[PDB]
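Participant: Structure, please.
(2 chains)
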Amino acid sequence: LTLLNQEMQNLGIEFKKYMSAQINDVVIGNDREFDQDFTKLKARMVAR
Amino acid sequence: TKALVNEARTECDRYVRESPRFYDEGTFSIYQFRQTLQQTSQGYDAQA
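Facilitator: Numbering: from 1, shown residues only, chains lettered A, B, ... in the order given. Here you go:
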């Protein structure tokens, strides 16, 4: 029991790390999937 | 081990401060960013 909560605390700290990493990739375009959808959005409006 | 680790870290903290050699007009100019800001970097990105 004295060790169970230590894993829980790291889980919260580690959870924010992954979320911060994924979101950061979007702001700069590292996530290639997001860029492909984004360029589609721009093309439709200009064509529209 | 503790003594050396503390001593090593203390020296490692001195590299961060910029020496006069850090700046050199010929080697690199901080003002070339203007060329990337004067109607060059259109979006709020860091690709150019």
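Participant: On the three-state scheme, residue B:26 is what?
Facilitator: Secondary structure, DSSP: H, G, I helix; E, B strand; the rest coil: residue B:26 is coil.
Participant: which ones are touching it?
Facilitator: Shown in contact with residue B:26 (CB atoms under 8 Å, 6 or more residues apart in numbering or on different chains): no residues. Every residue, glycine included, has its C-beta placed from N, CA and C.
Participant: how about the residues of chain B near chain A?
Facilitator: Applying CB under 8 Å from any CB of the partner chain, one finds that chain B approaches chain A through B:45, B:46, B:47.
Participant: Let's see that with 10 Å instead.
Facilitator: B:44, B:45, B:46, B:47 (CB under 10 Å from any CB of the partner chain).
Participant: Confirm the first one sits in a strand?
Facilitator: In other words, residue B:44. No. According to three-state DSSP, residue B:44 belongs to no strand; its state is coil.
Participant: For it, give me its contacts.
Facilitator: Listed by CB atoms under 10 Å, 6 or more residues apart in numbering or on different chains, the contact set of residue B:44 reads residue A:27.
Participant: do that again at 7 Å, thanks
Facilitator: Shown in contact with residue B:44 (CB atoms under 7 Å, 6 or more residues apart in numbering or on different chains): no residues.
Participant: what ranges do the strands span in chain A?
Facilitator: Counting by DSSP state E, one finds no strands in chain A.
Participant: Could I get the full set of helices for it?
Facilitator: A:4-28, A:32-47 (DSSP state H).
Participant: Relative to residue B:25, which of those helices is closest?
Facilitator: Across those, residue B:25 has its closest neighbour in helix A:4-28 (30.4 Å, CB to CB).
Participant: Excluding sequence neighbours, find me the nearest residue to residue A:29.
Facilitator: residue A:35 (5.2 Å; CB to CB, 6 or more residues apart in numbering or on different chains).
Participant: one step back: so can I have a markdown table of the residues of chain B next to chain A showing distance to residue A:41?
Facilitator: Below are the residues of chain B next to chain A laid out as a markdown table (distance: CB to CB, whole Å):
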| residue | distance to residue A:41 |
| --- | --- |
| B:44 | 17 |
| B:45 | 16 |
| B:46 | 21 |
| B:47 | 18 |
